[PDB]
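Inspection log for the structure reproduced underneath, given as structure tokens.
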Amino acid sequence: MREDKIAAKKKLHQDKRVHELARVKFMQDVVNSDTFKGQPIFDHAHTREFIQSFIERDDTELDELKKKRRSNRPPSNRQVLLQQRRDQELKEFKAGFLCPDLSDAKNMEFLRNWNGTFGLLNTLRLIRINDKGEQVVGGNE
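Under the deposited numbering, read the sequence shown as residues 1 to 141, first letter to last.
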């Protein structure tokens, strides 16, 4: 009903979304933890493995909606909407998802040293990867 005398002051720099950062954070954390600490470098098969898990994580969340369906209260709109975002995310992946090559040890070490740095997201060996680790190029040959 009421607003304060102060208006919502704004930021000058545009923020990057977690769709980019959390993706690297996952890869980083996996390497930095005993999860795959024994594995120094990965490949493009592990690319799809981790990339798809990052996207399809929505289904793990959607599963809770599928769960509360038995509570006799399913989210008619939001359960569909959640799945619709998956279609969009998969479509971006299908158009070459912004993924590290994951096989370059220089890139992987920078990936390890990601201190939540935005500029580091430009120094990383990030390319566009489709499906099974396919190289997405605009057309240079």
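We put the beta carbon where it would ideally sit given N, CA and C, even for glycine.
CA nearest to the CA of residue i, picked from the options
i, options, result
"residue 89", "73, 43 and 18", "18"
"residue 110", "2, 16 and 28", "28"
"residue 44", "97, 134, 64 and 5", "134"
"residue 61", "22, 2 and 80", "80"
Residues near residue i by beta carbon distance below 7 angstroms, same chain, minus five either side
i, result
"residue 118", "16"
"residue 104", "125"
Residues near residue i in its chain [Cβ-Cβ closer than 8 angstroms; skip 5 each side]
i, result
"residue 58", "82, 83, 85, 86 and 89"
Where the alpha helix (DSSP H) through residue i begins and ends
i, result
"residue 121", "120–123"
"residue 111", "105–112"
Span of the beta strand (DSSP E), counted from its first residue to its last, around residue i
i, result
"residue 126", "126–130"
"residue 142", "Since the displayed the chain opens at 1 and closes at 141, residue 142 lies outside it and no answer follows."
Secondary structure of residue i, DSSP reduced to three states
i, result
"residue 12", "coil"
"residue 90", "helix"
"residue 3", "coil"
(Q) What ranges does the alpha helix (DSSP H) occupy inside the stretch 28–84, keeping only unbroken runs of at least 4 residues that lie completely in it? (A) 44–68
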